[PDB]
Amino acid sequence: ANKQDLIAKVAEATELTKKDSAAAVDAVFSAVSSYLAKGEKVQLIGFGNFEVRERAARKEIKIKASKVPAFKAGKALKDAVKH
Amino acid sequence: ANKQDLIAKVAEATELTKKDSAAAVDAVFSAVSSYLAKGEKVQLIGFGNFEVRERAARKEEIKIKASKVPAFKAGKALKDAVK
């Protein structure tokens with residue numbers, strides 16, 4: 001699925017217009033991105049948590065340190081996917 | 001930041017009332033969960049991809065079956081935003 005498919009599902013679920021649904025989807029992921037870029041934790045009860053984690057440089061090949069925007073799924077999501 | 005903060009961002013960014021914004025945010029994450037539960041990837045350009053990955057099977061000898069788990073792979077825009 002893609003963003004436009006998500007938008008269509010949101011519209012169908014809420015009966016909001018596709019136009020409002022699209023603005024809402026874009027605002028959600030813009031907001032998560034911005035909070036992560038500010039180095040905040042994003043906790044979404046019933047879904048999971050986004051947080052930037054540091055990955056150390058590794059060592060012929062050398063990988064530099066990185067800041068990885070990472071996701072930890074909640075139990076509700078892990079359960080649904082596994083079943 | 002948490003779900004309530006995202007809802008505030010949605011209402012601020014969109015035409016939507018606070019109650020409609022909350023419905024919209026919940027519908028977004030319910031939709032993502034519904035796709036992953038079905039085993040379908042969710043690709044969001046300019047944010048990242050939600051995927052379903054294998055958990056390794058492991059080891060009277062006994063085998064714990066391989067499982068499916070949710071995963072997130074940040075996109076280039078998000079990674080650059082964080083770094």
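Below, chain A is the first sequence line, B the second, and so on; all start at residue 1.
- Here the side chains of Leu6(A) and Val32(B) are in contact, with some heavy-atom distance below 4.5 Å.
- Ring planes of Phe29(B) and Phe47(A): tilted class, angle from 30 to 60°.
- Around the NZ atom of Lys38(A), the shell of radius 6.0 Å holds more than 12 heavy atoms that belong to other residues, nucleotides or ligands.
- Of the listed residues (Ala73(A), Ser34(A), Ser33(A), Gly46(A)), the one with the most heavy-atom contacts under 4.5 Å to chain B is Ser33(A).
- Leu16(A) places a side-chain heavy atom less than 4.5 Å from the side chain of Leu16(B).
- Of all heavy-atom pairs spanning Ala27(A) and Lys9(B), the tightest one is CB-O, 4.5 Å.
- The heavy-atom pair separating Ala81(B) from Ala37(A) by the smallest distance is O-CB, 3.7 Å.
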> Going through the checks in order, is the side chain to side chain contact (heavy atoms under 4.5 Å, CB included) test met by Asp20(A) and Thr14(B)?
Replying inline: CA-CA 7 Å; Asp20(A) 288 331; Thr14(B) 69; 5.7 Å; no

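- Atom CG of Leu44(B) sits about 8.5 Å away from atom NZ of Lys3(A), to the nearest 0.5 Å.
- One finds the CD atom of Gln4(A) at 9.0 Å from the CD1 atom of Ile45(B) (value rounded to the nearest 0.5 Å).
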